[PDB]
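I have placed the structure first, in the form of structure tokens, so that the comments after it can refer back to it.
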Amino acid sequence: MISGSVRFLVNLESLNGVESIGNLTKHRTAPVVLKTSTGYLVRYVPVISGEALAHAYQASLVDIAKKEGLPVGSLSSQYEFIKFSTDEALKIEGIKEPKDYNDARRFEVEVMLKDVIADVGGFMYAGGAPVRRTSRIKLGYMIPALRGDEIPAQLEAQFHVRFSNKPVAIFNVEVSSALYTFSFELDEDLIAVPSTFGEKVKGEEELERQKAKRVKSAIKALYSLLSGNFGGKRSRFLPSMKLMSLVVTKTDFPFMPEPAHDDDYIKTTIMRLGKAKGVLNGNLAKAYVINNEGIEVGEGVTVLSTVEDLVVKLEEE
Amino acid sequence: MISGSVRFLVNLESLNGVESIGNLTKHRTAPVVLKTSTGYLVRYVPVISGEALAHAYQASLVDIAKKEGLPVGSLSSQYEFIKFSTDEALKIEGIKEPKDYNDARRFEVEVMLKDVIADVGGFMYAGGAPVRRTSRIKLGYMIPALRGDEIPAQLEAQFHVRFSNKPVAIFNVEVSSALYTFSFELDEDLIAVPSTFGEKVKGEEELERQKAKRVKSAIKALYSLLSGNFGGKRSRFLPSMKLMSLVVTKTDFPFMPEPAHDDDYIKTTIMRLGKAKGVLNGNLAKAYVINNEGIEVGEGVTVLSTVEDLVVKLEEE
Amino acid sequence: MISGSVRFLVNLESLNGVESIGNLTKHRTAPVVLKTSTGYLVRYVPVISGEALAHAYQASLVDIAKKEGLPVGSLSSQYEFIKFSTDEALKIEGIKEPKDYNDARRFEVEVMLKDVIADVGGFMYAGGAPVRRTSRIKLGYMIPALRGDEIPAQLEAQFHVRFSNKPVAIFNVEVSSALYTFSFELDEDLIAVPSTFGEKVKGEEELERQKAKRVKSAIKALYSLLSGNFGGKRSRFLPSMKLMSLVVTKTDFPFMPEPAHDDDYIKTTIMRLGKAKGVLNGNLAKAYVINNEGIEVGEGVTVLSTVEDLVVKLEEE
RNA sequence: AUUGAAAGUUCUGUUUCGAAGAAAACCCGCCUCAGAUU
DNA sequence: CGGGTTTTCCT
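Residue numbers (PDB author numbering), protein chains in the order written: chain D, 1 to 168, 173 to 321; chain C, 1 to 168, 173 to 321; chain B, 1 to 168, 173 to 321.
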């Protein structure tokens, strides 16, 4: 598994939208529970959903897969991740629906040999014999850091006009500025492995041949998420992003680093990693840290400089 | 016995679901009675059921048991905890049904020598001669703390879309933020001990040999629950969790610590533990405390740092 | 005598159940008559029966009696309180049935020297010469407080599923939250004393020797009820309990404190206790109060902190 | 002080044991607060 | 302006 926590600083941003009222376009907001010296309070803060990040990741994965020669589905070749949900998609791609429970494994292998996206990002088919496949990359909402007593975020509305020589043309757009945080998880030990229980079916040899390439592509795809190629309204509201802190852990057992809420979340996660490897009888535990804000790190930890170095190191091992 | 009270802080969460209405996925809610300065009131608040936690605990126990060589049932090798309820499971596993009341102990031992899950988590078989085994781990609903006059919890709905080039695609998801509390109990003095009354039956020597490993594995399995690996919808709604306060008590007599609703529940439970050991003629009483919010603790109390240290200490003693 | 009134606050609870309909398990409910400013009304409210409390008390008594060396019956050693009702129990234990009326005292003493449970909780034998022994501890149904115009209680239904890989598994459970109240009475002056009139029978000397230990054990057994170890479905629906108010009175004459329905029920019972001792020519009247909700108490009343102190004080006197 | 006067249908018992609403999905594609003044 | 929840279980 590869687990990570990342902290970003974003200014003058509008990357996720919600239903509009009047001539105003609104930014997504959510309630958060925060702890101050006086107790616990409830606040409303701008957020960014995780499905936009999932879409960006899967689009980059499609690009890399088509570049490197891996198979890509017909519908997903165009950036429409309906996958194989409805029967219309099955008809377009040309895959017979499963007949019974015993036939499920064949259908899963057939779908899994045509589109890498269905293999990595999971899918669901509903019918007489529904077939499920959980995603191999897990994301979450992007929240500003709940540090201290004051939330380091702000939201406002802005005024815009459309010029016309014959007036008979005014709209408002919400803009936010915050210090976002988020964490991610990716289990590369289950890529290119069937999930439905059953007997062996012809075609798994090709999967075993392509396993290494699929894992390499899946690990490569994370560069988009770690770089900042996500969100909408990028044509006229291009944001100003800057990485601040990053922790990545590679292990052989389940593990979850601390959220990027406290100023000291790198020392704690490394100590916890050592103790967890000791207690769970693991055999591999490595840590990589990127720091640009000069906070406490610890001892005996590899320190990197950019994200390309981290991607290369993750690929090599 | 091992009895514990734990306090968590969760933000932007959807971990337990219930039946859906329209295009809206709903979060579990329950009524709670709360005391304010003006009297008593009834409120509707999001909660998380205990059966999700039980499933997470049993899945982790399956993983550890397979890793350490302890026997695991065939159906329970797959993460499907029907245990030995119906006749189909008995036919699959290959165990003869009990004949009379006198044969109940043999059936319990045979079931108990094949699946550790049936041993630790209890089971039921209904028929001509019913057989019961109560669970050795007990859990409860996860509730936000009912401190003060305002409940520190909030629930809202969010708007999501599925993109398509040929419109002919909209759903809503309920998201919560709360300060959750829950308590648990695990009696390790009865693990690998038959429950049905009767005579001695061949095969108990193997259970006596495996008792130590079974107890060790059961104690290890709590790390998943104390870490935060439970609940659904984790692929796109990965939650942000953080521990705040934990009290764990090891005794030789029945005891129940205070619920984590009042800010002073560590001092009270320690005083009660001392007096209860005095009054019930016990011979062992230990307490461990993890504090990360700076609330009153007391004197002469072991203070830990993480949960791995607690797990190691519980294993060693 | 020892007479008490106790107020509890329970949330997300399912402790007593009744017949099931379909896939729904129901909670016991009863009608109550309540007085409001508009007159008198009838309502349906969840309750907890008294026999569950009696079972919990007797189980704790069995545990303590076995620990302290007092005799315990063969059938009651396993938690099955058939006592000595039917002839099969007599045959299993090995006690001859009474012959005539004059032999009743012999049978009562013989049964009373073998099981402390029969002595404290009473018993009944039906036959040619019926034998009765009234219980020495008296309990009642657990009702929520009937204060004001609104009953502080709520009941709802919850949805649960069982997972399976081959659909062919859905149930509902009723869950309640309320402010319960209950009162109890225990006359320790009749413990280890035969009740059937007759002549002296050999074996009463042993009862006189064991009277002190039997009284001590009977008083100690109240800790379970005052702590909260009762009810079913504790494996997955562990409740969140918290004491709020308790009044316990020790007297030499019959007396009954006020029910815990009004906010002022501690001052009233103390005034009534003083006047009743004045009028009935008593010689002992002590009161103990546990207060955690800041209601009116009075003057010249012993104030405790926990329940263990109360149990110790009851034992010492 | 009345077809009245005298009468406990009373004692003893858990509705218990076990079971993830779970898997898949961008609200997004275009728009100037602009012209005149010590 | 187009688009507004899909199955498989109900002791």
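Note that CB positions come from ideal geometry on N, CA and C, so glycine has one too.
query                                                                                                                                                                                           : result
So which residues of chain C does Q78 (chain B) contact, with C-beta pairs closer than 7 Å?                                                                                                     : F201
State the beta-bridge partners of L194 (chain D) as determined by DSSP.                                                                                                                         : Answer by DSSP bridge pairing: none, since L194 (chain D) is not bridged.
Comparing the C-beta of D313 (chain C) with each C-beta of chain D, is any distance below 9 Å?                                                                                                  : yes
According to DSSP, simplified to helix, strand and coil, what is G4 (chain C)?                                                                                                                  : strand
For residue 170 (chain C), I'd like the list of residues in its chain whose CB is within less than 7 Å of its CB, leaving aside the five on either flank, ordered along the chain.              : Here residue 170 (chain C) is not present, the numbering of chain C passing from 168 to 173 in one jump.
Along chain D, which residues have their Cβ under 7 Å away from the Cβ of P152 (chain C)?                                                                                                       : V33, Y40 and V42
DSSP has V18 (chain C) in a bridge; who is on the other side?                                                                                                                                   : C:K26
Measure the CB-CB distance between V252 (chain C) and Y227 (chain C) and report whether it falls below 9 Å.                                                                                     : no
Mind checking which residues open and close the alpha helix (DSSP H) that includes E210 (chain D)?                                                                                              : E208 to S231
With a 10 Å radius around its C-beta and 16 neighbouring C-beta atoms as the bar for buried, classify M112 (chain C) as buried or exposed.                                                      : buried
Roughly how many angstroms lie between the CA atoms of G235 (chain C) and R240 (chain B), to the nearest whole one?                                                                             : 16 Å
For a contact defined as C-beta to C-beta under 8 Å, what are the partners of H160 (chain B) on chain C?                                                                                        : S49 and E51
Do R238 (chain B) and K138 (chain C) come within 9 Å of each other at the CB atom, strictly closer than that value?                                                                             : yes
Give me the DSSP bridge partner(s) of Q154 (chain C).                                                                                                                                           : C:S181
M245 (chain B) CB to nearest chain C CB: under 9 Å?                                                                                                                                             : yes
Residues in its own chain within less than 6 Å of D119 (chain C) by CB, not counting five upstream and five downstream?                                                                         : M112
Please work out which residues of its chain come closer than 6 Å, Cβ to Cβ, to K166 (chain B), disregarding the five sequence neighbours upstream and downstream, and give them in chain order. : none
In angstroms with no decimal places, state the Cα-to-Cα distance between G94 (chain C) and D87 (chain C).                                                                                       : 10 Å
I want to know whether the region 148 to 162 of chain B touches the region 123 to 138 of chain B - three or more CB-CB distances under 8 Å.                                                     : no
For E156 (chain B), go through chain C and note every residue whose CB falls closer than 8 Å to its CB, in chain order.                                                                         : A30 and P31
Can you pull the chain C neighbours of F163 (chain B), defined as C-beta to C-beta under 7 Å?                                                                                                   : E80
Might you give, ordered along the chain, the residues of its own chain that have their beta carbon closer than 6 Å to the beta carbon of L318 (chain B), omitting 5 neighbours on each side?    : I223
Measure how close the beta-carbons of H265 (chain D) and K246 (chain C) come, nearest whole angstrom, since I'm counting them as under 8 Å.                                                     : 7 Å
Interface residues of chain D around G232 (chain C) at Cβ under 7 Å?                                                                                                                            : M260
Got a sec, what are the start and stop residues for the alpha helix (DSSP H) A289 (chain D) sits in?                                                                                            : First-last for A289 (chain D): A289 to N295, but that is the beta strand (DSSP E), not the alpha helix (DSSP H).
Please report how far the alpha carbon of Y125 (chain D) lies from the alpha carbon of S85 (chain D), in whole angstroms.                                                                       : 5 Å
DSSP three-state call for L41 (chain B): helix, strand or coil?                                                                                                                                 : strand
Roughly how many angstroms separate the alpha carbons of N295 (chain C) and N233 (chain B), rounded to a whole number?                                                                          : 28 Å
Closest to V179 (chain C) by CA distance: which of C:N11, C:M1 and C:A89 is it?                                                                                                                 : C:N11
Would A89 (chain D) and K83 (chain D) qualify as a contact pair, given that the criterion is a beta-carbon distance under 9 Å?                                                                  : yes
Locate the beta strand (DSSP E) running through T134 (chain C), then write down its first and last residues.                                                                                    : That residue, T134 (chain C), is in no beta strand (DSSP E); it is neither H nor E in DSSP.
Check the Cβ of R240 (chain C) against every Cβ in chain D and list those closer than 7 Å, keeping chain order.                                                                                 : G50, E51, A54 and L139
Might you give, ordered along the chain, the residues of its own chain that have their beta carbon closer than 7 Å to the beta carbon of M260 (chain C), omitting 5 neighbours on each side?    : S3
Who are the near neighbours of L24 (chain B) in its chain, counting only those whose CB is closer than 6 Å to its CB and skipping five residues on each side?                                   : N176
Just the C-alpha distance for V197 (chain D) and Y269 (chain C), rounded to the nearest angstrom, thanks.                                                                                       : 48 Å
So with Cβ pairs under 9 Å, would you call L146 (chain B) a contact of chain C?                                                                                                                 : no
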